[PDB]
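In what follows, a single structure is set out as structure tokens and then discussed.
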Amino acid sequence: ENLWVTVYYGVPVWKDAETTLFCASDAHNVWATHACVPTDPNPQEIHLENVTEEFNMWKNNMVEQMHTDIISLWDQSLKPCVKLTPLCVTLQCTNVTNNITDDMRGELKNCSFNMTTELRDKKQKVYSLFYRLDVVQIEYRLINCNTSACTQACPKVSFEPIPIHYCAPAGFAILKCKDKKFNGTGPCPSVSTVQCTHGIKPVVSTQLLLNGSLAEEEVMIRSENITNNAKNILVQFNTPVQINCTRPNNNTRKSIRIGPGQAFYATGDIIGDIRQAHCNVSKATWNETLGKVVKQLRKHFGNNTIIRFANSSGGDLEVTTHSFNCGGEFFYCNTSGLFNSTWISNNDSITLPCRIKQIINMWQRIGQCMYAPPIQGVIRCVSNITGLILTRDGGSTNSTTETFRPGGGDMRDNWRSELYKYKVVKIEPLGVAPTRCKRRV
Amino acid sequence: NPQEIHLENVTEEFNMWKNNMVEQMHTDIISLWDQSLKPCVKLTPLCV
Amino acid sequence: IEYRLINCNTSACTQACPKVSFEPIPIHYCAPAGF
Amino acid sequence: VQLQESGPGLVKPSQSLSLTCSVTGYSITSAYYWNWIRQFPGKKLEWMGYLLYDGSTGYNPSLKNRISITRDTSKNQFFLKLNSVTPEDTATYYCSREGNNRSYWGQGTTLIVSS
Amino acid sequence: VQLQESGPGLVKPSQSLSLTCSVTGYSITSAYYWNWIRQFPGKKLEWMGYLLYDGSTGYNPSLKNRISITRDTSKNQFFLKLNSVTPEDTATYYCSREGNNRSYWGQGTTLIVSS
Amino acid sequence: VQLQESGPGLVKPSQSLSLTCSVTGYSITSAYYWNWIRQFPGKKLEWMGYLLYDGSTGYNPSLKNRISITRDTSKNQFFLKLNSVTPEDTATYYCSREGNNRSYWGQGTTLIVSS
Amino acid sequence: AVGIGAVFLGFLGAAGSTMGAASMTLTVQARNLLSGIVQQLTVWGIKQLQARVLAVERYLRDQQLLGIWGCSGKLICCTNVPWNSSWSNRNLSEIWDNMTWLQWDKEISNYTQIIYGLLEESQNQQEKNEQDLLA
Amino acid sequence: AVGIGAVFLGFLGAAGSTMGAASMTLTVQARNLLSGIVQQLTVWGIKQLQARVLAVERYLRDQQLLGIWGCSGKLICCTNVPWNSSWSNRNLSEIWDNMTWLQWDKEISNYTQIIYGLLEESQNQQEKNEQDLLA
Amino acid sequence: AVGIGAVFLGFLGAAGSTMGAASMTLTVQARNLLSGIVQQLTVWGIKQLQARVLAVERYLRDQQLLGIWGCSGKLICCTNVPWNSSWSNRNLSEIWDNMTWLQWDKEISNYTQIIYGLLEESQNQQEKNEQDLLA
Amino acid sequence: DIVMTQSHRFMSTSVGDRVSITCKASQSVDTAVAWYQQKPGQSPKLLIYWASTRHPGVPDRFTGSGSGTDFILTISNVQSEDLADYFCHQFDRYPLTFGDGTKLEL
Ligand SMILES: *[C@@H]1O[C@H](CO)[C@@H](O[C@@H]2O[C@H](CO)[C@@H](O[C@@H]3O[C@H](CO[C@H]4O[C@H](CO)[C@@H](O)[C@H](O)[C@@H]4O)[C@@H](O)[C@H](O[C@H]4O[C@H](CO)[C@@H](O)[C@H](O)[C@@H]4O)[C@@H]3O)[C@H](O)[C@H]2NC(C)=O)[C@H](O)[C@H]1NC(C)=O
Ligand SMILES: *[C@@H]1O[C@H](CO)[C@@H](O[C@@H]2O[C@H](CO)[C@@H](O[C@@H]3O[C@H](CO[C@H]4O[C@H](CO)[C@@H](O)[C@H](O)[C@@H]4O)[C@@H](O)[C@H](O)[C@@H]3O)[C@H](O)[C@H]2NC(C)=O)[C@H](O)[C@H]1NC(C)=O
Ligand SMILES: *[C@@H]1O[C@H](CO)[C@@H](O[C@@H]2O[C@H](CO)[C@@H](O[C@@H]3O[C@H](CO)[C@@H](O)[C@H](O)[C@@H]3O)[C@H](O)[C@H]2NC(C)=O)[C@H](O)[C@H]1NC(C)=O
Ligand SMILES: *[C@@H]1O[C@H](CO)[C@@H](O[C@@H]2O[C@H](CO)[C@@H](O[C@@H]3O[C@H](CO)[C@@H](O)[C@H](O)[C@@H]3O)[C@H](O)[C@H]2NC(C)=O)[C@H](O)[C@H]1NC(C)=O
Ligand SMILES: *[C@@H]1O[C@H](CO)[C@@H](O[C@@H]2O[C@H](CO)[C@@H](O)[C@H](O)[C@H]2NC(C)=O)[C@H](O)[C@H]1NC(C)=O
Ligand SMILES: *[C@@H]1O[C@H](CO)[C@@H](O[C@@H]2O[C@H](CO)[C@@H](O)[C@H](O)[C@H]2NC(C)=O)[C@H](O)[C@H]1NC(C)=O
Ligand SMILES: *[C@@H]1O[C@H](CO)[C@@H](O[C@@H]2O[C@H](CO)[C@@H](O)[C@H](O)[C@H]2NC(C)=O)[C@H](O)[C@H]1NC(C)=O
Ligand SMILES: *[C@@H]1O[C@H](CO)[C@@H](O[C@@H]2O[C@H](CO)[C@@H](O)[C@H](O)[C@H]2NC(C)=O)[C@H](O)[C@H]1NC(C)=O
Ligand SMILES: *[C@@H]1O[C@H](CO)[C@@H](O[C@@H]2O[C@H](CO)[C@@H](O)[C@H](O)[C@H]2NC(C)=O)[C@H](O)[C@H]1NC(C)=O
Ligand SMILES: *[C@@H]1O[C@H](CO)[C@@H](O)[C@H](O)[C@H]1NC(C)=O
Ligand SMILES: *[C@@H]1O[C@H](CO)[C@@H](O)[C@H](O)[C@H]1NC(C)=O
Ligand SMILES: *[C@@H]1O[C@H](CO)[C@@H](O)[C@H](O)[C@H]1NC(C)=O
Ligand SMILES: *[C@@H]1O[C@H](CO)[C@@H](O)[C@H](O)[C@H]1NC(C)=O
Ligand SMILES: *[C@@H]1O[C@H](CO)[C@@H](O)[C@H](O)[C@H]1NC(C)=O
Ligand SMILES: *[C@@H]1O[C@H](CO)[C@@H](O)[C@H](O)[C@H]1NC(C)=O
Ligand SMILES: *[C@@H]1O[C@H](CO)[C@@H](O)[C@H](O)[C@H]1NC(C)=O
Ligand SMILES: *[C@@H]1O[C@H](CO)[C@@H](O)[C@H](O)[C@H]1NC(C)=O
Ligand SMILES: *[C@@H]1O[C@H](CO)[C@@H](O)[C@H](O)[C@H]1NC(C)=O
Ligand SMILES: *[C@@H]1O[C@H](CO)[C@@H](O)[C@H](O)[C@H]1NC(C)=O
Ligand SMILES: *[C@@H]1O[C@H](CO)[C@@H](O)[C@H](O)[C@H]1NC(C)=O
Ligand SMILES: *[C@@H]1O[C@H](CO)[C@@H](O)[C@H](O)[C@H]1NC(C)=O
Ligand SMILES: *[C@@H]1O[C@H](CO)[C@@H](O)[C@H](O)[C@H]1NC(C)=O
Ligand SMILES: *[C@@H]1O[C@H](CO)[C@@H](O)[C@H](O)[C@H]1NC(C)=O
Ligand SMILES: *[C@@H]1O[C@H](CO)[C@@H](O)[C@H](O)[C@H]1NC(C)=O
Ligand SMILES: *[C@@H]1O[C@H](CO)[C@@H](O)[C@H](O)[C@H]1NC(C)=O
């Protein structure tokens, strides 16, 4: 009559545990390297009703998994390239006067040096055009010459972001939230399971998120405890804001060899006119998108407050300005034209000036390089703005009339808007249950 | 002692030029050839 | 061009570590467990 | 999931009709029902038969023994063969996957049975 | 497998007869049964004994204690010794492979027992 | 093993006394007995209760239901809670490790029960 | 009941279903504890090997522990260990057909060790009892 | 039965044998599924480790479905599931002694997934029926 | 027998006791055959993975050899095969209460290959007899 | 052989009127009845499952009801995008069987 203990093997039990993931991709590149197992394209999406799981981003280790993994994928794809140690010879740089406007004055330098031919006893005179951000005074020398040498990053490969699928082996499952009004943390009443997720673009940026995923219904603001002014406010759009970025210079490529079997593609002379690279966005679309943000921003604050937009707070060009990698050439864009607005209660293009820097310290690690070779021909770039990273400025008096400023820099937040709904759990198939039993002796 | 077990009363379809025995060992000793060249010292200044 | 090595416009060579030899000692391939 | 039908668009009477359904985005060896459905001129639908995930078969009795349904699991394809065709069997042939309150249809293909 | 008999072709009466069978192509320590068989003048065969992979020995009882059979597993050879020989023991001595419905014989060697 | 007691050194009468024993150098999920022992003014020892590695609880009957002892196995800590305290419960509280003729004690902490 | 009404239950589909309704769902859970990487350098070479061994020895950990209790080769077995009134003060009607497995493990998560230790001691108790009657 | 008729089957020696004669030979084909690498840098740190863990995962895959069917640890398990006659229209005398097992597997290669999934559907029902009669 | 006098023998503690004293402690010894490295660069990159798969393959070889004999899932299993007395002409009183398993192995280490091979021929014979009788 | 008889084949309607479609089953079997929508040049799309519940993305103006041998689908506030063919179907026992179909005209 009294109850008895049982053993059940294969029971659904979830505990929040995190382990390493595994790559997958669809059908040579820097991201995939033809090494991930080509997954079967069936993310079998089993809906699980009557279950509420407490999701928690900003503590998920999958974000820290992908940040660490692509660093290991970056140095792995730079080893068969050529070291750029002998580029720290002296330079004789003069300004360019071949059909240049006043806005590009002191930006391109016509240099010359004594770099070595593949025969050790023979030298050559090689001229190339470097940007002002790539050379420093001593006449001129490269910026990296007091840091480690560079790599030139093997221009046969491309920098187009191939989508990368992360999914754990057996014994672990991935649960995703499906709420239309989903905030950051807290429980989700629409928890379902997928064995292996969808395509995630590893594209990097600093201020504005590009080529991301759109929200379901409205512009959604995903932040933790809001009274911090040292933490970034993640804003995801509901509509795609198209951005038009071009480089109007017809660049050529001069292939001059540094050693035996070692090539170095310098910049040739510029044919045509010298013009500024710029990014164009729609003024009418961006004003509509900013209208939707401030309505959702005032949900978390007072209704009579004054929300003011402003540019970045200054610093080095790596963290202050925007960055994207379309076309293979780096772009650093002055985004002070997209944040000059104040908001109180109740024409087809915005020209953002953009600098081009060839030699790049890519991530926060300082002892590396990114010597992007010049790309032959003009650059055409069309993308969608799908997110913002905003840092609230301090010094607010009486909790009113606060201002919002962009920022970022750390690459954690660039993928926190793409892994916000995902978590990984560990499955124990063992369990017990009460019913009536006597073993057959 | 390479133990060989004879199987009579059985047939099998052999297909040459398509087995991975040829393809792997061509890849295998190429990796065995590049591995033994790493401790060798380079001849970069021989191009004078 | 007076003269130069034929692979000077390609990557440099190595002298093949003359301590070891090139004589092929026979090897035997085996299947793993279950094969 | 994406389904794509392929095969000859003209079949002579009394000969055999063969069609291929190429499936992508999902594995035919895991779950649900994998069907062939056709639409006649005049917008009428007639169900011909199905398949289980384990490769079991079943057919509409009205088609008698005229239908064998088969699959190739290496290519993730399944196949229709229809014997002894008549011009009143001319119709637009769909391969569809149904189950768990999820119904997905291919774009369909057109076939004419004439001499 | 190939078997080759060797040893002296002439043995004095009452002395000991020793022969070597050299085996190549297969290991005698994971294996079948290895026999000695001789053929008399007039083409009659008499089986003397066998060996196993585990070292166990077996002999025809008719030969009493006259025969010890031994092996060297390093050289993959096994050996016949025959004590107290007579001229009626003159015969062509074979070392044989038998088993699994397979039967292989050496070419044999000739031995004459005379003074 | 090292044991370190922690918690508030002053507790108001009739309220609850909570102490933490932080254990390092040994796992609380493997073996032996894990005890709380206190020493009164005048050098007298009274055993209050113990724990086992499997989570079983036992207490001195003289303390009635006044004691619940609980643990957190993730932090490798175990805990004392004492309800309905009196000034005659003022004492130096030790968490000690006993078994296999081994005996290790923490340094102890002082607590005074007064208003 | 068939066609679009047919139920194939997926994987982990009994998470929200009740404990009584999940008593027939034990098969589909156990088949996903080993497979997944059946189709195929430092990066992504050691990362699979570290994950492959971990997915195997945890399965062997839960299978060896089943064999110590005498539950090897069975999915739903039940022993003679008496679970008592202090662990859960509820009847069988208040456990099976009105709540699910997911939050049932949270109340027993403190008492998981005391349950596991008594089962391995009780099996070895009846091994010697089998020796006495057999002789 | 001796001499040329002795038994020296070894590994896979009953491959071309009849099914009655090969039914005695299931013992010798089981031990050579994990051994061979019992005794012991980029190359062969992966070429050896990837094949060693693959032999473990293939062995535990075969044992686990042998456990889901309810008769793990038995070399010859014969369960209580009826079989459809459409898979093979041959009686007992036309299977066990006239044909080799190798070509038989190709005949039931198409109908493998039907019979491999029906076994565990009648085993969970068997364990549920065992629970009702026991209490 | 309580407090400091309780039994907390742990792993490998009964390696110096008698035959009957060590037979009750088989559970705690087999517990440490898989775990221990449950909590987690070239060096110790291949050494760590070779550490585990070597340990997994020995445990699987012991369970598979136990499963061939039909004693899978049991800690103290006993068969019905006779053994010749030439290996040890000692009665149960002089062996099971006064000597240790360590010195017992060296006296029968000559015959472990013989006594293991007599078990799969024994176990397959009931399965042959089960097939004849039950059909 | 459950036989499904539909009321009419072609019906003329105006924008803004409530319209109700009916389907009569030969036997009283279950409430597991589905409606499919098919627009010209497109494959049919499932609309209602289990006679009373709606699918994701389906607009609120679509409702259904009925049991036994009588099953009623009601369209309310008909717009231009609802021009299509609708079919009452059942999924209880094989063989699957389809209705004749109703064509809407505006
Ligand atoms: C290393 O080796 C030594 C000596 O060989 C072991 O020590 C004891 O060895 C004896 C010999 O077999 C064990 O046998 C016991 O004899 C008891 C009576 O003999 C005397 O025992 C002690 C002196 O050792 C005296 O105090 C006592 O008055 C007797 O004069 C029996 O009573 C025992 O039977 C049962 O006794 C009680 C009854 O409940 C149980 O607690 C026992 O476990 C046992 O079931 C027994 O026959 C004796 O057990 C050994 N001592 C101990 C403490 O185990 C060492 O044990 C050995 N080391 C190890 C690790 O095994
Ligand atoms: C966000 O996603 C956008 C959509 O993919 C990205 O835009 C694409 O960016 C790539 C650069 O990586 C462009 O590729 C270039 O294309 C030109 C000319 O394209 C022609 O050739 C290709 C290939 O044959 C063909 O597919 C086209 O149709 C054209 O016929 C080449 O000359 C370049 O070498 C380079 O391959 C894409 O063209 C471009 N897409 C579009 C529609 O313009 C965008 O870059 C992403 N954002 C970021 C920041 O990466
Ligand atoms: C930036 O945003 C625009 C949104 O305007 C993206 O346009 C997308 O373009 C693709 C291809 O043209 C569309 O896919 C197709 O949509 C039609 C719609 O009927 C569908 O019938 C086809 O089967 C196909 O799926 C896609 O819908 C469209 N996006 C939206 C929201 O309409 C553009 O791709 C975005 N750029 C990047 C880089 O993401
Ligand atoms: C390949 O095929 C031939 C048949 O042509 C096989 O010969 C068969 O050998 C077995 C050896 O065990 C014979 O079985 C024996 O049968 C007798 C009764 O005649 C019985 O007393 C013995 O105990 C034993 O079971 C079998 O009869 C014989 N077949 C025929 C038709 O005579 C040959 O062995 C096959 N090769 C293999 C299996 O490797
Ligand atoms: C980005 O926007 C600027 C601003 O309109 C565009 O510059 C115009 O270029 C045309 C040449 O076709 C000139 O006729 C106009 O006078 C320019 N505008 C101004 C205000 O000077 C530029 O072409 C745009 N770039 C792209 C790629 O759309
Ligand atoms: C961005 O540049 C494109 C030019 O490539 C502008 O023109 C659009 O071009 C696409 C495809 O070439 C068409 O589908 C659009 O209809 C074009 N737009 C218009 C208004 O005609 C596009 O307008 C630019 N967008 C912005 C925001 O500047
Ligand atoms: C953000 O915009 C403000 C303009 O309001 C910039 O402030 C100017 O900075 C320049 C530096 O070259 C000074 O010469 C001007 O006097 C400043 N303006 C005023 C009104 O003081 C500020 O530098 C911008 N910040 C960034 C990071 O771009
Ligand atoms: C980004 O662009 C804005 C304007 O396009 C720059 O702001 C100008 O800064 C100069 C510096 O003295 C002022 O003289 C101008 O009056 C400013 N413009 C306006 C409209 O007020 C800004 O400096 C640029 N950012 C950087 C980092 O240079
Ligand atoms: C999710 O919970 C609901 C509770 O409303 C379950 O609905 C019950 O389902 C059973 C049979 O499945 C019926 O007998 C009950 O009448 C339903 N209603 C109740 C209990 O109020 C639903 O089944 C659950 N989902 C799953 C997958 O089990
Ligand atoms: C070149 O540009 C720099 C930029 O500041 C300027 O200082 C220098 O005077 C310029 N030289 C000539 C010759 O124009
Ligand atoms: C290169 O070397 C020559 C010889 O020393 C020297 O005349 C010339 O100025 C050097 N080039 C540069 C750019 O300094
Ligand atoms: C290299 O020199 C520049 C010139 O001032 C300086 O700004 C930079 O900090 C130096 N880099 C390092 C790593 O010291
Ligand atoms: C969703 O937002 C935050 C999570 O960051 C949470 O604290 C809050 O309670 C939720 N609800 C609303 C209405 O913000
Ligand atoms: C951060 O969160 C805590 C909640 O623990 C809250 O009390 C606090 O106000 C928040 N902000 C800051 C600046 O600490
Ligand atoms: C840029 O101009 C040069 C001038 O010679 C021309 O050869 C080249 O094709 C142009 N490139 C593009 C993309 O128009
Ligand atoms: C740079 O200087 C060299 C010197 O001969 C000249 O040929 C070349 O045209 C110059 N390029 C530019 C862009 O001024
Ligand atoms: C942008 O929106 C604001 C909202 O207050 C409005 O005041 C302003 O005139 C708008 N600007 C344009 C160019 O539409
Ligand atoms: C702001 O206005 C909204 C109406 O859109 C109202 O729901 C909300 O309560 C208001 N906020 C405060 C703080 O009153
Ligand atoms: C914002 O734009 C207006 C446009 O006239 C300009 O007058 C003002 O100076 C700008 N403010 C900033 C901070 O750039
Ligand atoms: C290197 O020079 C040789 C000599 O003529 C030539 O055959 C070969 O093609 C050259 N290779 C390259 C990459 O220039
Ligand atoms: C289980 O343990 C935790 C922490 O030790 C405790 O907070 C909780 O109250 C315990 N549950 C029960 C039912 O005692
Ligand atoms: C707990 O169970 C044990 C037996 O397993 C029993 O002796 C004990 O009395 C139970 N506890 C209570 C409080 O009844
Ligand atoms: C089994 O399948 C193959 C290919 O799928 C086919 O050729 C063969 O005829 C089938 N066998 C039977 C008996 O249906
Ligand atoms: C006696 O022992 C021998 C070992 O040499 C064995 O072969 C034989 O079968 C044994 N006899 C019995 C009756 O067990
Ligand atoms: C078994 O063999 C070993 C090693 O050859 C030997 O030490 C031992 O004495 C043998 N056993 C017997 C009972 O002689």
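Going Cα to Cα from A:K123, which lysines come in below 18 Å? Please leave out same-chain ones fewer than 8 positions away. Hits, sequence-local ones excluded: A:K254.
Here the Karplus relation 6.51 cos²θ - 1.76 cosθ + 1.60, evaluated at θ = phi - 60°, turns the backbone of segment A:397-406 into coupling constants of 9, 6, 6, 8, 6, 9, 10, 10, 10, x Hz, with x for every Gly and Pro.
Among the listed pairs A:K201/A:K421; A:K79/A:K109; E:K12/E:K64; D:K44/J:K24; D:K75/G:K47, which are separated by more than 24 Å between their Cα atoms?
Beyond 24 Å between Cα atoms: A:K79/A:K109; D:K75/G:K47.
The simple spin-label model puts a point 7 Å past each Cα toward its Cβ; for I:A15 and G:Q40 those points are separated by 3.8 nm.
Treating only the Cβ of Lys, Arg, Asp and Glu as charged (+1, +1, -1, -1), what charge dipole size does segment A:313-441 show about its Cα centre? Round to the nearest 20 debye. It would help to have the intermediate numbers written out before the result.
Values: 15 positive and 10 negative charges, 284 e Å.
Rounded to the nearest 20 debye, it is 1360 debye.
Dipole magnitude for chain H: computed about the Cα centre from +1 point charges on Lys and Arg Cβ and -1 point charges on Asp and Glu Cβ, it is near 600 debye.
Distant-in-sequence amide contacts of E:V11, defined by a placed amide H-H separation under 5 Å and a gap of 5 or more residues or a different chain, comprise E:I112, E:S114. Restriction of the GluC sites (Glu not before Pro) in segment A:212-315 to DSSP coil positions whose beta-carbon has at most 10 other beta-carbons within 10 angstrom yields A:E217. The eigenvalues of the Cα gyration tensor, multiplied by 5 and square-rooted, give the protein assembly as shown an equivalent ellipsoid with semi-axes of 63, 48, 46 Å from largest to smallest. If a spin label sat at a point 7 angstrom from the Cα of A:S345 along the line to its beta carbon, the backbone N atoms of segment A:289-313 nearer than 13 Å would be those of A:298-299, A:301-307.
For segment F:10-17, backbone phi angles converted through the Karplus equation (6.51, -1.76, 1.60; θ = phi - 60°) give residue-by-residue couplings of 9, 10, 6, x, 6, 8, 9, 9 Hz, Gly and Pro being listed as x.
Dividing the Cα radius of gyration of chain E by 2.2 N^0.38 Å, with N the residue count, gives 1.02.
Percent of alpha carbon pairs in chain J separated by more than 18 Å?
Values: 2498 of 5565 pairs.
The answer is 45 percent, as a whole percent.
Distances, shortest first, from the label point of I:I95 to those at the same position in the other copies read 4.5, 4.5 nm; the point lies 7 Å along Cα to C-beta.
A dipole drawn for segment A:390-440 from +1 and -1 charges on Cβ atoms has a positive end, and of A:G407, A:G395, A:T435 the residue lying farthest that way is A:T435. In the protein assembly as shown, the calculated helix contribution to ellipticity at 222 nm averages -5000 deg cm²/dmol per residue, counting -39,500 (n - 2.57) for every DSSP H run with n ≥ 4.
By DSSP, the beta bridges lying fully in segment D:2-113 are antiparallel in about 95 percent of cases.
Inter-copy label distances at G:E130, using a point 7 Å along Cα-to-Cβ, come to 1.4, 1.4 nm with the shortest given first. When the trypsin sites (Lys or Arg not before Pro) in segment A:212-294 are filtered for DSSP coil states and for at most 16 other beta-carbon atoms within 10 Å of their beta-carbon, the remaining sites are A:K231, A:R275.
Give the average over all directions of the projected area of the C-alpha convex hull of segment A:226-284, one decimal, in nm². Walk me through the intermediate numbers first.
Details: hull surface 38.2 nm².
For the Cα atoms of segment A:226-284, the hull's average projected area reads 9.6 nm².
Between J:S28 and J:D1, the FRET efficiency estimated from the beta carbon spacing at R0 = 22 angstrom works out to 0.90.
Can you compute the FRET efficiency between I:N98 and F:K75 using 1/(1 + (r/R0)^6), with r the Cβ-Cβ distance and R0 = 51 Å? Round to the nearest 0.05. Mind dumping the intermediate values first?
Numbers: r = 48 Å, r/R0 = 0.94.
The formula returns an efficiency of 0.60 here.
Using the Cβ-Cβ distance between I:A55 and F:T29 with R0 set to 22 Å, the FRET efficiency from 1/(1 + (r/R0)^6) comes to roughly 0.50. The alpha carbons of chain B stretch over 69, 29, 11 Å along the principal axes, in descending order. Think of the protein assembly as shown as a dipole: +1 on every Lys or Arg Cβ, -1 on every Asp or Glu Cβ, centred on the Cα centre; then among G:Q48, H:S35, A:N228, A:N228 lies furthest on the positive end.
Semi-axis lengths, largest first, of the ellipsoid equivalent to segment G:12-134 are 32, 24, 14 Å, with √(5λ) applied to each eigenvalue of the Cα gyration tensor. Net charge dipole, segment F:2-113: roughly 80 debye, given to the nearest 20, about the Cα centre with Cβ charges of +1 for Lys and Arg and -1 for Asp and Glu. Evaluate the Debye formula for chain A with equal point scatterers sitting on the alpha carbons, no solvent, and hand back log10 of I(q)/I(0) at q = 0.08 Å⁻¹, in q order, two decimals. The Cα Debye sum returns log10 ratios of -0.58. For chymotrypsin sites (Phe, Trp or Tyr not before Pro), the sites in segment I:55-99 that DSSP calls loop and that have at most 13 other Cβ atoms within 10 Å are I:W83, I:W87, I:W96. Any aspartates and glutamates with Cα under 20 Å of the H:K128 Cα? List them, leaving off those in the same chain fewer than 8 positions away. Cross-link targets: A:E1, G:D97, H:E120. In order along segment A:427-439, the Karplus-derived 3J(HN,Hα) couplings, from 6.51 cos²θ - 1.76 cosθ + 1.60 at θ = phi - 60°, round to 9, 9, x, 8, x, 10, 7, x, 7, 9, 8, 9, 5 Hz, and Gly and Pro are given as x. Site pair A:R253 and B:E4 shows an inter-label distance of 5.7 nm when each label is modelled 7 Å from Cα along Cα→Cβ.
Positions of Cβ are generated from backbone atoms using ideal geometry, with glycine treated the same way; all protein chains shown enter the neighbour counts. Coordinate-derived values only; no laboratory data.
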